[PDB]
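Colleague: I have a structure here, written as structure tokens, and I will follow up with some questions on it.
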Amino acid sequence: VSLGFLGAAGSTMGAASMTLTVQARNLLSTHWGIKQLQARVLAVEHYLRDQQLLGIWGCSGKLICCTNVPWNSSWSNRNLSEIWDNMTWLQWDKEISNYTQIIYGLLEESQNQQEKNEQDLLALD
Amino acid sequence: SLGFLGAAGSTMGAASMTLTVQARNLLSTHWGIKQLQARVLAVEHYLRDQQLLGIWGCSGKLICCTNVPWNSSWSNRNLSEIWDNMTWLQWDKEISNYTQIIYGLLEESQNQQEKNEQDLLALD
Amino acid sequence: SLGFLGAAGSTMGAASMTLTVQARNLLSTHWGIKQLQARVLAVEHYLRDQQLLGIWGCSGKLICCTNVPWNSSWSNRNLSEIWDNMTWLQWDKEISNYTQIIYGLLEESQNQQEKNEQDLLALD
Amino acid sequence: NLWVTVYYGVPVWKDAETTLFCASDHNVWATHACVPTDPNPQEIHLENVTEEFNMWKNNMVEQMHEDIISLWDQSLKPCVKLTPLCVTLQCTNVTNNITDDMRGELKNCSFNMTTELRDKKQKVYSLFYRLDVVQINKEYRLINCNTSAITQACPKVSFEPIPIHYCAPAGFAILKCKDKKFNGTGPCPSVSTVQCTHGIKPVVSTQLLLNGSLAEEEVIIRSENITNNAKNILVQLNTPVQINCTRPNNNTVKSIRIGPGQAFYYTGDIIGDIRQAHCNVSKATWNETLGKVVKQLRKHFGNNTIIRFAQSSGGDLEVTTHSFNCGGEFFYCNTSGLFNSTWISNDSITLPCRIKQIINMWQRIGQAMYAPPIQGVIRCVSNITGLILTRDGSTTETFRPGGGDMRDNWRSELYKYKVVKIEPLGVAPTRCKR
Amino acid sequence: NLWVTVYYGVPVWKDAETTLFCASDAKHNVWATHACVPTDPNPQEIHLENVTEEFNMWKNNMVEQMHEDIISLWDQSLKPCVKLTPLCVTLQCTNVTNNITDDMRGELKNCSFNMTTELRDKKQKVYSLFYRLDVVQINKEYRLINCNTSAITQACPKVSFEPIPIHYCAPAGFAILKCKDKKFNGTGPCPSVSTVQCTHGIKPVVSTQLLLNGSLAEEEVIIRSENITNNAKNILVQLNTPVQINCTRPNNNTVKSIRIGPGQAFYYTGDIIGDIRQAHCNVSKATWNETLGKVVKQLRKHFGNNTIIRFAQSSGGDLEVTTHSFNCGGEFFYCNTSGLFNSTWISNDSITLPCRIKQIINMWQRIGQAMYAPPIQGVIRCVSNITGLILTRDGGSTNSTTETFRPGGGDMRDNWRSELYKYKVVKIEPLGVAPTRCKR
Amino acid sequence: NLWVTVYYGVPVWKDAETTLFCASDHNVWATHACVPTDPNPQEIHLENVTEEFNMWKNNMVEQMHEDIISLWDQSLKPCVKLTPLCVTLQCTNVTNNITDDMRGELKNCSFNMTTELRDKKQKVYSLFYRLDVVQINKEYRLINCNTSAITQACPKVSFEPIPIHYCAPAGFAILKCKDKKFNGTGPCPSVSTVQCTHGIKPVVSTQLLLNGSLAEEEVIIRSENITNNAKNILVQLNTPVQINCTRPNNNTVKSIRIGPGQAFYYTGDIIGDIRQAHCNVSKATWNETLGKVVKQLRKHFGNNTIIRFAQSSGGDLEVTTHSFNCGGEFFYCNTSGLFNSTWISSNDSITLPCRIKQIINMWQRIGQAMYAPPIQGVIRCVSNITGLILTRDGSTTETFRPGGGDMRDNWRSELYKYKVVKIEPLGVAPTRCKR
Ligand SMILES: *[C@@H]1O[C@H](CO)[C@@H](O[C@@H]2O[C@H](CO)[C@@H](O[C@@H]3O[C@H](CO[C@H]4O[C@H](CO)[C@@H](O)[C@H](O)[C@@H]4O)[C@@H](O)[C@H](O[C@H]4O[C@H](CO)[C@@H](O)[C@H](O)[C@@H]4O)[C@@H]3O)[C@H](O)[C@H]2NC(C)=O)[C@H](O)[C@H]1NC(C)=O
Ligand SMILES: *[C@@H]1O[C@H](CO)[C@@H](O[C@@H]2O[C@H](CO)[C@@H](O[C@@H]3O[C@H](CO[C@H]4O[C@H](CO)[C@@H](O)[C@H](O)[C@@H]4O)[C@@H](O)[C@H](O[C@H]4O[C@H](CO)[C@@H](O)[C@H](O)[C@@H]4O)[C@@H]3O)[C@H](O)[C@H]2NC(C)=O)[C@H](O)[C@H]1NC(C)=O
Ligand SMILES: *[C@@H]1O[C@H](CO)[C@@H](O[C@@H]2O[C@H](CO)[C@@H](O)[C@H](O)[C@H]2NC(C)=O)[C@H](O)[C@H]1NC(C)=O
Ligand SMILES: *[C@@H]1O[C@H](CO)[C@@H](O[C@@H]2O[C@H](CO)[C@@H](O)[C@H](O)[C@H]2NC(C)=O)[C@H](O)[C@H]1NC(C)=O
Ligand SMILES: *[C@@H]1O[C@H](CO)[C@@H](O[C@@H]2O[C@H](CO)[C@@H](O)[C@H](O)[C@H]2NC(C)=O)[C@H](O)[C@H]1NC(C)=O
Ligand SMILES: *[C@@H]1O[C@H](CO)[C@@H](O[C@@H]2O[C@H](CO)[C@@H](O)[C@H](O)[C@H]2NC(C)=O)[C@H](O)[C@H]1NC(C)=O
Ligand SMILES: *[C@@H]1O[C@H](CO)[C@@H](O[C@@H]2O[C@H](CO)[C@@H](O)[C@H](O)[C@H]2NC(C)=O)[C@H](O)[C@H]1NC(C)=O
Ligand SMILES: *[C@@H]1O[C@H](CO)[C@@H](O)[C@H](O)[C@H]1NC(C)=O
Ligand SMILES: *[C@@H]1O[C@H](CO)[C@@H](O)[C@H](O)[C@H]1NC(C)=O
Ligand SMILES: *[C@@H]1O[C@H](CO)[C@@H](O)[C@H](O)[C@H]1NC(C)=O
Ligand SMILES: *[C@@H]1O[C@H](CO)[C@@H](O)[C@H](O)[C@H]1NC(C)=O
Ligand SMILES: *[C@@H]1O[C@H](CO)[C@@H](O)[C@H](O)[C@H]1NC(C)=O
Ligand SMILES: *[C@@H]1O[C@H](CO)[C@@H](O)[C@H](O)[C@H]1NC(C)=O
Ligand SMILES: *[C@@H]1O[C@H](CO)[C@@H](O)[C@H](O)[C@H]1NC(C)=O
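Protein chains in written order, with my numbering: chain F, 271 to 395; chain G, 781 to 904; chain V, 781 to 904; chain Y, 536 to 969; chain X, 6 to 445; chain R, 33 to 467.
Here's what the structure looks like:
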């Protein structure tokens with residue numbers, strides 16, 4: 271059966287991939303309503319920032335999105351099976367937290383170039 | 781055309797030709813609070829529907845074709861009755877009890893498809 | 781390597797390479813109301829534009845070619861004049877009156893395409 | 536065989552409760568706080584749609600009620616508080632020119648009022664109506680002294696109703712019933728969609744409904760349950776009855792300072808003779824109108840029954856008389872000149888009216904308002920567009936004026952509107968597969 | 006040679022500070038719960054296997070948020086109540102001597118004063134009783150104690166001060182991590198955790214010295230502190246069994262009221278039927294002695310096996326701080342706890358704690374927002390459970406080998422820390438990357 | 033043969049009116065309701081663009097005006113009300129050690145005021161300036177007791193004009209004109225984009241502008257319409273004029289409890305001689321400064337036109353004198369000594385006498401008033417005059433007089449170079465590309 275929201279936390283990275291949906295569908299879900307209003311607004315802003323970034327990278331509607339940027343051993347040098355079968359996502363995030371911005375920048379560059387190349391091919395036939 | 785909800789009550793098959801009309805109109809001291817509450821409400825509803833469509837594998841589409849088979853127990857009517865005689869209002873009532881079943885199946889189908897895509901890309 | 785509006789004044793062609801920079805900078809004691817209003821508006825404007833790209837079938841893209849032909853009555857300038865000489869501010873002024881027309885055509889084209897996709901998939 | 540297809544932008548809806556906002560075109564109604572509407576708002580007829588309405592469960596009424604009360608209080612928040620006025624008053628009768636109907640109705644009172652300097656007091660003389668004072672044990676006090684705070688309404692802010700348009704938020708729509716001769720409690724075969732309602736004037740009255748919409752063809756009689764003696768009956772007329780109201784006295788208004796930045800207004804004197812306020816209703820118009828009501832009312836009570844009208848039962852003037860705001864002044868008119876019959880050439884009915892300066896609007900305790908007097912002579916003309924009747928419970932039924940629950944006035948203008956939520960995402964089978 | 010893969014819906018989080026909202030659980034109560042959002046009675050709790058989370062109850066901002074919300078709810082309740090400014094007059098007072106017993110001597114006074122009526126030009130003579138604690142002699146001339154600080158607002162007679170559980174719920178995008186370890190001492194990693202959306206209805210109980218009506222430890226007394234060897238820090242002790250305490254104000258109070266302006270009713274004690282006796286609380290001796298023995302054993306684990314432990318009284322600097330303050334029946338009690346903390350531990354029969362009653366209350370350590378507590382008609386009896394203790398350590402650098410503990414208390418955030426100790430708020434960070442063998 | 037292509041993120045903007053929020057970085061302006069900005073804000077120069085600015089048609093001005101008034105009221109809202117001071121005052125002159133220049137002006141008043149208990153009254157002696165007190169028919173009242181209630185400013189809150197930065201909401205940007213010698217009404221060839229403005233000090237003054245931005249090269253003379261005698265002329269200087277303002281009298285401040293939770297502050301007495309408040313400027317600097325103004329002013333009026341300065345016309349003290357805050361005290365200085373000369377083709381000074389007033393009706397509102405507590409001891413402040421507000425008299429030898437009039441023009445000066453625009457990321461253009 272389902273483990274619930276964050277139920278997979280602590281499970282291995284390759285196991286937790288089966289719970290991406292449950293953790294995605296749970297996003298966006300006298301007087302003194304101002305606190306409630308401020309909370310509702312913030313939840314929306316965070317949601318949209320993640321969606322905007324995925325859109326920039328070309329990952330419009332997918333929970334799993336592959337990108338043409340190669341992985342650098344300088345960011346993390348581990349076996350493919352260590353990463354997916356032994357480590358969890360909390361650990362992984364700590365191991366590569368110092369490369370977050372460079373990876374994101376590279377992803378944006380790749381998609382931008384790809385859009386230009388697609389436009390040129392459409393023009394040529 | 782007829783304008784917003786102008787097709788309500790018309791045959792389902794005809795009504796479906798003008799989905800853009802509704803798609804455009806959606807998201808179109810304390811008094812200020814009442815307006816803020818209203819604006820937030822419109823946004824939240826809009827986003828929840830888009831979130832859900834994304835989960836099912838469609839984004840930016842008014843007509844989302846998927847791979848979940850239709851169960852004769854949800855409705856045993858034929859296509860000519862559904863599309864030529866029934867309206868959308870009648871239909872929604874007719875299958876109201878199966879909404880969550882269908883939604884659950886749609887999420888599962890996309891989950892499997894994404895995994896399959898990842899494997900094929902890695903495979904070749 | 782220019783900044784947020786640093787591309788302004790460059791030719792239309794040159795500026796096409798900075799779209800990421802402009803796009804990523806969108807959305808980023810009773811003066812709490814003024815803050816909420818600012819927050820909310822940034823979101824509403826953002827969503828209206830995304831909604832429109834969605835309707836036109838350009839969701840998720842900074843550059844989207846479509847199937848609406850260009851009418852010389854909107855502009856009869858040379859392709860090189862438009863791209864290698866004029867800037868985007870100038871272009872926007874030159875075709876300001878045709879904006880609504882073009883947007884309507886874009887929505888109609890996409891709606892027709894979606895219907896056609898549905899029929900083709902059903903046919904196999 | 537068949538597969539699920541998902542459609543977005545599907546033209547369907549569900550009953551819903553959401554918050555509506557104000558729209559419109561220096562007033563008690565806070566118009567400046569409303570957004571302007573478009574000229575000629577778009578109305579869409581829904582062909583082949585039958586909806587179901589129930590006006591008695593309509594929550595638009597509740598919002599109108601709450602918003603109006605809030606605006607009322609907001610208007611008074613920044614105005615002068617007449618707490619220094621709750622003092623022993625020394626009063627005698629005004630006897631200069633009496634019609635013998637006004638005998639004992641108007642009093643001449645004297646009191647010791649505070650002023651600009653904390654060290655000084657004033658001898659102030661003013662006129663009050665009997666209904667605003669009580670005896671203490673010639674020693675009188677104002678009626679609000681043992682129950683409420685008293686706030687003077689701001690002298691420059693008008694009470695005249697301004698049409699207010701209620702608008703649904705995006706994602707919602709307002710359906711309206713155009714079906715003629717529709718009572719509001721069942722299926723409606725003729726429906727259209729709007730984003731904003733017509734402007735509704737927030738007219739406040741207690742027995743007759745003034746300045747509302749009129750029935751399109753015939754008098755319409757509606758209630759939650761016609762056989763229930765505990766319910767009010769709302770009657771919509773298809774013709775207006777014109778009523779001419781006046782307070783025919785030339786009032787000289789005086790003003791004093793009761794502290795820094797404060798001002799208190801009172802009637803200094805009356806020029807000419809002193810006579811009673813009253814309203815005129817033509818006899819012919821009234822008798823035809825009432826006859827139409829009886830005919831339609833028999834539809835529910837029998838083809839051979841007897842219908843009697845009578846004046847209302849006792850209670851506070853708020854419910855026993857017909858009250859209204861005429862040019863800023865507050866009238867309490869006795870309707871017994873009307874509703875006195877049994878059914879089986881410029882003549883008119885004069886309804887005597889009383890005036891009050893201190894009121895407690897919206898059936899509340901603790902919030903009193905002082906309506907400042909108005910300089911000069913007041914006259915206004917209004918349209919009676921409906922009635923609030925109750926019935927008792929043989930061969931004869933008796934109907935009486937009733938009312939006081941303000942939501943029932945609102946229910947009239949809002950009887951044809953419903954708020955629904957748009958539910959654009961739906962599913963249906965077809966032959967398509969990815 | 007692997008390409009970067011983007012995943013959304015990843016089960017990770019980071020510590021964060023956000024805004025929380027209340028859930029009432031479905032007429033008048035001081036906590037204004039009608040402003041809260043009703044929740045399901047049985048929120049689902051998700052157990053996290055193989056997850057260890059670092060906790061620190063002393064740096065938990067949820068505590069600060071309750072403190073602020075509680076203060077604000079309190080003020081919203083008083084904002085619309087009777088102003089009572091006109092009561093700050095010179096009073097003519099004598100002692101109530103007619104039927105009191107020895108202990109109650111000189112603790113209750115009979116005052117007369119000239120107060121206003123509805124009409125601005127009229128006055129009335131009013132007689133009322135006041136407790137000694139609220140009346141201060143000037144220069145038979147007295148004034149109320151609040152006159153030289155601020156105006157006093159009368160609490161509304163219809164609004165209850167009884168606590169209603171307030172569950173705190175995280176906003177969308179956030180989650181609350183709950184520590185379940187038995188014997189969790191407030192800090193460090195917690196190997197058994199779970200996720201909830203709302204906390205378990207913490208009650209806004211207000212007290213000093215002793216903690217009332219809280220949760221219990223599952224098996225042993227738990228000692229929690231920021232730094233146990235730092236004598237400047239407080240020690241919070243959670244009990245594994247309740248101690249029943251029965252408090253009363255055994256006098257038949259006849260309540261009277263007058264109008265002091267339009268509306269503006271003022272409430273006061275008119276008189277007392279029968280003889281006068283002091284307020285008090287009953288704690289069983291056997292229960293209390295067992296409870297301390299459990300506490301002493303746990304303290305020795307930190308201060309040394311064969312270390313001598315002595316319990317003593319607090320300093321006399323502040324009436325609220327040095328006594329056990331609570332609001333039984335709507336009255337405010339100030340009980341002397343010395344009978345509970347007078348013992349040296351070296352390895353039907355009950356304790357009676359005398360209590361005083363005060364009506365002018367100045368709480369939350371603020372200055373100038375005094376409240377007048379209306380008297381309560383009849384006789385008051387409350388039964389409460391002691392579910393924890395506050396202690397401070399007082400000693401020097403000398404290795405005397407004996408440690409002394411005193412009740413301490415007085416900082417309201419400690420009551421909140423005691424119950425919120427197991428919760429942490431984190432932000433969900435669903436977006437992230439990892440390498441694999443997939444390329445577009 | 034071209035197709036419509038849609039682009040998003042296009043660097044296009046349109047003029048717009050939106051709501052800005054404050055950032056900045058106790059005191060009235062020192063409040064914790066703004067969101068502190070970066071120590072390193074960025075600015076992006078826009079090459080090959082020109083944009084039109086119009087400082088007159090600019091709603092940033094209106095927002096500062098509204099925000100400042102609102103903040104002002106929030107500060108005073110929770111402070112002690114002084115209604116009890118409207119009792120009748122018994123007053124005589126303070127002539128103890130009075131210079132002739134101050135004869136009269138300062139009065140010794142006494143009155144019956146309430147105390148902590150409702151039952152008791154107390155007698156108080158206090159000193160007042162003539163400008164705050166009017167005659168009843170030896171009996172006087174405070175000037176505001178017939179028109180408005182008065183609130184005491186909180187003694188713990190200083191009127192310090194702490195710089196406040198304004199920031200655009202996301203989706204908007206602020207364009208800034210970097211073109212030197214820009215008048216503020218036409219095209220600006222050198223423009224840059226910022227997210228936030230420089231911090232602006234919300235300085236209150238009536239004739240001369242104090243502690244604002246200084247012009248880079250030449251005196252800049254600007255107005256909505258030079259030809260219109262109904263418009264003000266704003267003059268921005270290249271060098272500051274140093275002005276030294278003082279209140280030489282040593283005031284001793286006393287306070288009284290007037291009710292529970294309330295205390296009133298007042299001047300008890302003066303230690304030492306009673307002398308007139310005053311401001312000094314260097315005579316040489318002032319003569320140079322006007323010469324620079326005249327030289328540029330002639331560009332609009334002719335080289336055959338005489339420019340003659342004159343003192344302003346009468347009216348309420350606020351607009352006939354130069355008013356400012358100075359240590360928290362409110363000064364009203366006579367500038368007639370600065371605008372006496374007619375201009376036709378060292379170690380000396382100009383002394384401006386000043387008056388002090390404690391009852392303030394700021395922003396020209398009626399119904400509100402503030403009581404300024406006196407400040408203990410001798411007060412001095414030194415400030416930089418960076419500009420002037422002048423008006424035309426309205427067929428030879430034009431006359432200019434001081435006037436500030438509407439305070440909106442104070443804000444205009446700092447904001448003359450900023451414009452708010454909305455970013456519009458979508459657009460289309462033809463290209464040879466089909467799906
Ligand atoms: C049902 O609906 C009817 C309308 O169909 C309402 O009747 C209107 O009621 C309003 C409010 O009382 C009337 O407005 C007033 O009209 C006066 C007319 O004066 C004229 O003549 C004088 C010269 O003697 C001229 O100076 C003046 O300009 C006019 O040409 C005005 O004098 C009144 O002004 C006073 O009040 C305003 C308040 O904003 C102040 O600003 C003014 O300074 C002044 O003190 C006022 O404008 C309106 O005329 C009536 N219409 C008709 C056709 O009669 C009914 O009241 C409504 N029924 C109910 C119960 O609400
Ligand atoms: C144009 O710009 C100039 C330059 O900024 C402004 O001039 C300043 O004006 C302010 C306000 O009048 C002056 O600030 C005050 O200075 C007093 C003296 O400080 C000296 O002595 C203390 C001794 O402890 C030293 O710490 C300090 O560094 C100085 O050497 C202070 O006593 C004042 O304090 C006030 O607040 C405290 C709060 O705790 C109270 O206890 C005090 O009693 C008092 O109320 C205050 O700090 C500042 O010194 C001036 N600068 C200069 C260089 O002279 C102009 O005012 C401005 N013009 C306009 C129109 O805005
Ligand atoms: C917590 O860790 C344990 C291992 O210590 C996990 O148990 C293993 O799960 C895999 C996958 O189902 C099995 O093949 C192994 O045989 C299990 N090992 C043991 C010793 O039982 C457990 O699944 C983890 N929990 C979560 C939520 O991931
Ligand atoms: C208003 O019209 C409705 C619709 O015809 C009437 O509703 C019917 O009332 C009877 C009782 O008298 C019920 O038995 C029917 O089932 C109701 N029908 C429907 C469709 O709801 C209603 O009585 C009319 N009311 C008035 C005052 O005229
Ligand atoms: C209402 O009707 C009455 C009729 O009773 C009118 O009263 C007459 O008014 C005229 C002047 O308008 C007088 O000359 C007559 O003497 C009045 N008759 C009586 C019986 O006194 C009254 O004017 C009408 N009022 C309005 C404005 O409707
Ligand atoms: C009112 O009570 C006070 C105590 O609060 C009485 O004062 C005390 O009187 C006893 C003698 O009976 C002395 O031993 C104490 O030292 C006094 N206490 C103080 C603080 O001085 C007072 O006498 C009582 N008044 C009346 C009229 O009975
Ligand atoms: C509460 O439990 C924590 C966790 O075991 C204790 O923290 C340890 O304290 C020792 C002594 O200072 C250090 O050497 C360890 O490194 C600490 N561990 C961690 C995870 O921080 C803490 O001292 C206990 N406190 C009390 C009052 O019992
Ligand atoms: C996996 O990593 C370990 C070290 O942690 C290494 O010894 C082993 O050889 C690696 N195996 C693979 C997959 O090459
Ligand atoms: C209503 O029904 C008729 C058939 O009776 C049909 O011709 C008409 O098009 C329908 N209206 C709509 C809007 O579909
Ligand atoms: C401005 O024009 C020059 C022309 O030589 C060009 O080199 C420069 O790149 C242009 N600036 C921008 C931002 O395009
Ligand atoms: C009430 O006022 C009178 C005034 O003569 C005074 O004598 C009396 O003592 C006052 N009474 C009280 C109880 O304060
Ligand atoms: C007036 O000044 C003299 C010094 O010339 C001083 O001794 C005296 O005390 C002062 N008197 C007053 C009333 O200020
Ligand atoms: C106060 O000074 C004025 C100056 O004009 C003078 O007329 C007045 O008589 C003086 N009053 C006293 C009491 O000296
Ligand atoms: C205070 O009140 C008394 C009342 O007898 C009066 O004589 C005196 O003049 C007043 N004092 C002042 C300063 O107004």
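Note that beta-carbon positions come from the ideal geometry of N, C-alpha and C, so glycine has one too.
#1: Tell whether a beta-carbon distance below 8 Å holds between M402(R) and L117(R).
#2: Please determine whether the Cβ atom of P234(R) lies at a distance below 7 Å from any heavy atom of ligand 2.
#3: Would you kindly work out how many angstroms separate the C-alpha atoms of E587(Y) and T23(X), rounded to a whole number?
#4: Pick helix, strand or coil for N918(Y), following the three-state DSSP scheme.
Modeller: Reading off the structure:
#1: As a position in the sixth sequence, residue 402(R) is number 370, starting the count at 1. As a position in the sixth sequence, residue 117(R) is number 85, starting the count at 1. Against a cut-off of 8 Å, the Cβ pair of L117(R) and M402(R) comes out as no contact.
#2: Counting from one through the sixth sequence, the residue named residue 234(R) turns up at place 202. The answer is no for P234(R).
#3: The residue labelled residue 587(Y) in the question sits at position 52 within the fourth sequence. The residue labelled residue 23(X) in the question sits at position 18 within the fifth sequence. Rounded to the nearest whole angstrom, the CA to CA distance from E587(Y) to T23(X) is 44 Å.
#4: Taking the fourth sequence and counting its residues from 1, the one referred to as residue 918(Y) is at position 383. Here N918(Y) sits in strand by DSSP.
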